[PDB]
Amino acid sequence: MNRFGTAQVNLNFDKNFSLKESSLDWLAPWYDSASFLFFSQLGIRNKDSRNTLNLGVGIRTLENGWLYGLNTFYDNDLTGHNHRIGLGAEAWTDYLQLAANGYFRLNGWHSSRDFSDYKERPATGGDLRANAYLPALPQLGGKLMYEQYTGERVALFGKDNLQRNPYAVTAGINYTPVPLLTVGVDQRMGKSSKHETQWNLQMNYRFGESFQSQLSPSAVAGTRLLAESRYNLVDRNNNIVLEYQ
């Protein structure tokens, strides 16, 4: 063929550009037709002294200028042994990617490496995401999300900021001078003025595309069209939000 999937590196930094998370995600198309794509996604990441493996499958179908997808994931925090299943839906067009995700616990309360004296487990929740790019300047991207989790003492803004049934709204900007490279900044905000600024450095390798074209400013417009976005990584939270008791 022509396109054999995507590998993505992410490095995320806090306000002080202190590195908070590193990840590698890989999407592989197993069956690729002009209307139906079946893929696998495999991910690994390190965050707050924890390593998580994500394993998912997904389908995408194309109709009348739109792409509709479904996906599911098994997420596995290997460090604290926390297990989660996820479901995801997609509705994407040229320049515009919408997504909804649900996250569900598979295991129950067990000892926590974070708090001697209390238990942890996956918090149930979901999110709504939108990624948009400017047709007049497709290197410029915007992002909005809403997240909500259920629980008494949920670590949405980290373990030193546990909250009851918290939410977060994110607003972010990002710039992709070249298909290989994206830089972004996000603001995340919740109840009681909880707040987070996050900086993202992202690399994208598109298997089968020439290296030169992935270093071309003029190739970026094309990355925002369905013929290519059909190969994008699933837009979800690959980290397991824990709650505590």
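Residue numbers run from 1 along the displayed sequence.
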Quiz item: Higher mean Cα B-factor in the deposited model: 54-62 or 185-193?
Solution: 185-193
Self-check item: Comparing 114-122 with 168-176, the one whose average Cα B-factor in the PDB entry is higher
Solution: 114-122
Quiz item: Which third of the chain does residue 236 land in by C-alpha B-factor: lowest, middle or highest?
Solution: lowest
Quiz prompt | For residue 206, the third of its chain into which the C-alpha B factor falls | solution = middle
Quiz item: Should residue 228 be placed in the lowest, middle or highest third of its chain by the C-alpha B factor in the entry?
Solution: middle
Self-check item: Third of the chain's Cα B-factor distribution that residue 41 belongs to, per the entry
Solution: lowest
Quiz item: Of the three thirds of its chain by CA temperature factor, lowest, middle or highest, which one includes residue 72?
Solution: lowest
